[PDB]
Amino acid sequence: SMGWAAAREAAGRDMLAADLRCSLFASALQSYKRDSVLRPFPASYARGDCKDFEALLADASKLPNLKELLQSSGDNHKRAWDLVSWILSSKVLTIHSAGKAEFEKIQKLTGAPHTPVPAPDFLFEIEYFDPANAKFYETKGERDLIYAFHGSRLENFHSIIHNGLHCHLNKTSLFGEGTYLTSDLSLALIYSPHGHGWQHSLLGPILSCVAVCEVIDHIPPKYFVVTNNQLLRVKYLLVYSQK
């Protein structure tokens, strides 16, 4: 993972994106489903197979807000900087705050809404690095990209960002295999109830989040299903902050 000085620079470049990542980490950690949804898990809190969730919950509770972490601390917050450095580290991707200009663009790409939908409070774009970025464009070849929504409980988004959407392979289920997506945000939103994020977040403590996926083309509103995880990636996050 990045060292502290590098993490401080990365967080300073985009405080809201860094905050989002700390918020989604807190949501996955605080969930009763932490065992399955906090993946990836920070290795410094694991003894081989044994994940020390109580030590991690305690240290997450001691994190100051990101403004305090950056503006004073250098060696005032050793454990905090170790954890936040890990949260903000990835060789695969990074996240960028985007403007309400970008929400219009998302509507243009997904379709004019058939149903009234709320505008997100925050919008983020995921940028992929190689090899994952080149691999996705290799898989795409000349096929078109379509943009579709996938709602989920807040405590799944740490895993969704780092691992992609779960593409279930269970012929043993009512819903069968695949990832469900829709071009109607009002249908995706039903799958994105408010959850608890981070009490020290710039975004606010209570968030809903909807993924916008890039899919390689290959009443109620209409949904579709993708069974091959190489054919989609999460490209945007729509974040709604409860008032």
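Position 1 is the first residue in the sequence shown; the rest follow in order.
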Tell whether, across the other compared PDB entries, at least a third have no coordinates for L88. no
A134: absent from a third or more of the other PDB entries compared? no
How many residues that are in the deposited sequence but not in the model lie between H218 and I219: none, 1 to 3, 4 to 9, or 10 or more? 10 or more
Of 170 to 178 and 56 to 64, which one has the bigger average CA B-factor? 170 to 178
If you average the CA temperature factors over each stretch, which comes out higher, 198 to 206 or 182 to 190? 182 to 190
Which of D121, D82, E127, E104 ranks first by CA B-factor in the deposited coordinates: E104
Which one, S90, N156, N163, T139, has the peak C-alpha temperature factor per the PDB entry? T139
Ranked C-alpha temperature factor of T115 among modelled chain residues, by third: middle
Would you please rank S73 by its C-alpha temperature factor against the other modelled residues of its chain and give the third it falls in: lowest, middle or highest? highest
Comparing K222 with the other modelled residues of its chain, is its CA B-factor in the lowest, middle or highest third? highest
